[PDB]
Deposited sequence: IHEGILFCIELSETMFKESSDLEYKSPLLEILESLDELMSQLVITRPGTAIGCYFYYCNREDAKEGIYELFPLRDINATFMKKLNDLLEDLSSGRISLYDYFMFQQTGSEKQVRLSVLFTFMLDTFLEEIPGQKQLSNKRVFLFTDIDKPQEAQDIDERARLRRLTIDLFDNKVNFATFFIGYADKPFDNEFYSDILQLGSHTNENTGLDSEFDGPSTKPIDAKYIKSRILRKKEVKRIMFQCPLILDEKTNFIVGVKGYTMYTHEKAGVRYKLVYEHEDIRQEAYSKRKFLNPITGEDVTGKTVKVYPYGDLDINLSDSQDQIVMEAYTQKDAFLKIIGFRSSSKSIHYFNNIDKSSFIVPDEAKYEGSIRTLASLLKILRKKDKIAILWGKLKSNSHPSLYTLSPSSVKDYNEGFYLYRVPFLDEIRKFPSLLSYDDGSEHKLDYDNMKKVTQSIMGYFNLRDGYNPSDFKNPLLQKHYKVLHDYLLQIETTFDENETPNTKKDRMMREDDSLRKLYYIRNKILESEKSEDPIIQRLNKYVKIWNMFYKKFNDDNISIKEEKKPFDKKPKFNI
């Protein structure tokens, strides 16, 4: 319900120097920018998230024991967001540098933090009780460091005390997400951090201390930023006779975020400002009486209404479903007869074994995953994900080997009545009769189509919802009294750039036309091809209407 992330970043010489793996941008700068994006995303996606950011060892006068506080662990808010935004802008303008802000020096021998103080700080931070802030259900520490071997690596007894500091955190449900940074030249030896972050029982033995290249920092942050939102859990029946019943969990991989769904209602009357509520009130059309909570649902059947008892409702559903959520295997089938791109009706779920409900679940699905991959088969499922819903046929497909997450994807199959009819046309003459002219049109289309292949496929990351971005930007600017930059006296060029700024998709569309437009200007006969293809296509379009 309420997760909190504690950013802890270790300062060093290589953290300040621009890296070729980062398009010549500082790792420290990359972490800051990643943090700006994180809060920008979560304020839309999961605003009930607490974020705090700390640096060490910092030589600033306002640093306690060498640990500087950018902002404390608080729920995401425009005030902290502005603080970071202003810092990044002070950097961009050349008003200050990163060295100037954190009071760092290129001496080759700056002070370093005592890890004892650091791990104790993390524990104290998550134990604080802040009045206006809710209790945290999930506590995590994003640990960024560049030093493989700190000073405390030589002292064996220091490691021992550190190991109980780490355990002390694990006992308080505080988990580590490590960001141990290695470069092309300098690699990260995780030998030290392995020792102190390890546990002594089988499953949980601490976090991964495997280092990462700086090139993967931003992506790693924004990936581990998200939280598993459990959509449903139910038994998976494989064969009921032999009690071949197993447990599974389902997660929504792709939601449908809409702007303006997050709101409260305020009632203000003179000096009274108070929260208001919407109340749906049912009336009797004959008397005007409030019959709320005294209404019933019936089946209309002509000039007759039919109300069944709960006992009868039970018997009716009993013929094809259970009360609680379930998934029953109807059979298996080739993926090429089961999965299509033209009959989706719902959003997909990601299915994972639930061995907390049924032991042996992991062994079952791991084998089923291996087998269904080997034969390229899928499972046909019958059931429902919620108690209060209708059942349906589902497709259970094994995760690809290219994907990192190992499990299954669940696709709902449309009922026969969910498959709508194709509309009748006024004409059916598509010009297929004239073989040569039609075959030419396909050929020129095929060539035009070649100039616009998506070599990196489709990535959701590249397309921000413009509706969402517009909505939260207006809220953002109003809270911080940022005056709008929109001008009614817009130049077509001004308007053009605004459009591409507000919509990631329009920016792409702009490139496509431009490539066609720079294909006619160009006098290189090779580059010249694209635009001439388009002209030929239009020639066929106009020729067809002049003839048929």
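Coordinate coverage of the deposited sequence breaks at 201-209, 558-575, these segments carrying no C-alpha atoms.
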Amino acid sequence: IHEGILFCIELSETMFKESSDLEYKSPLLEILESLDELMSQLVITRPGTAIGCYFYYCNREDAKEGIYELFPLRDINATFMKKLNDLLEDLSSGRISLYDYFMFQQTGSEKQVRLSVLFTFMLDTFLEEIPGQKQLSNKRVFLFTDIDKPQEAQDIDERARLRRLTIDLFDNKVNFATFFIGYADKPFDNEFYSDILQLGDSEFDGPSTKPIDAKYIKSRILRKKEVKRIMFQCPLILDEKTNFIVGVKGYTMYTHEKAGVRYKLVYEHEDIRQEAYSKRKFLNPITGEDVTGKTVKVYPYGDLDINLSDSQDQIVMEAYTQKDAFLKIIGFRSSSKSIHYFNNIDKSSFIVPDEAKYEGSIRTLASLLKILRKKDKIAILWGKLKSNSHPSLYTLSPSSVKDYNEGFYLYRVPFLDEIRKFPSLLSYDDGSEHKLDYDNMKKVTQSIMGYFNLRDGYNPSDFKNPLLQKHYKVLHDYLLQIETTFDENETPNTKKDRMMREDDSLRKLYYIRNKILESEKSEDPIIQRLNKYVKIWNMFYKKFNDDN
From here on, numbers count along this sequence of modelled residues.
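Higher average CA B factor: 206-214, of the stretches 363-371 and 206-214. For the pair 34-42 and 55-63, the record assigns the higher mean C-alpha temperature factor to 55-63. When the C-alpha B factors of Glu257, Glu406, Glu129, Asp86 are read from the deposited coordinates, the top value falls at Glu129. When the C-alpha B factors of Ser194, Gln322, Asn77, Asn344 are read from the deposited coordinates, the top value falls at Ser194. When the modelled residues of the chain are ordered by their C-alpha B factor, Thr485 lands in the highest third. Annotation for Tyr428: C-alpha temperature factor in the middle third relative to the rest of the modelled chain, per the entry. When the CA B factors of the chain's modelled residues are split into thirds, the value for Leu118 lands in the highest one. Among the modelled residues of its chain, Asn514 has a C-alpha B-factor that falls in the middle third according to the deposited record. Split the chain's modelled residues into thirds by C-alpha temperature factor. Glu523 is in the highest one.
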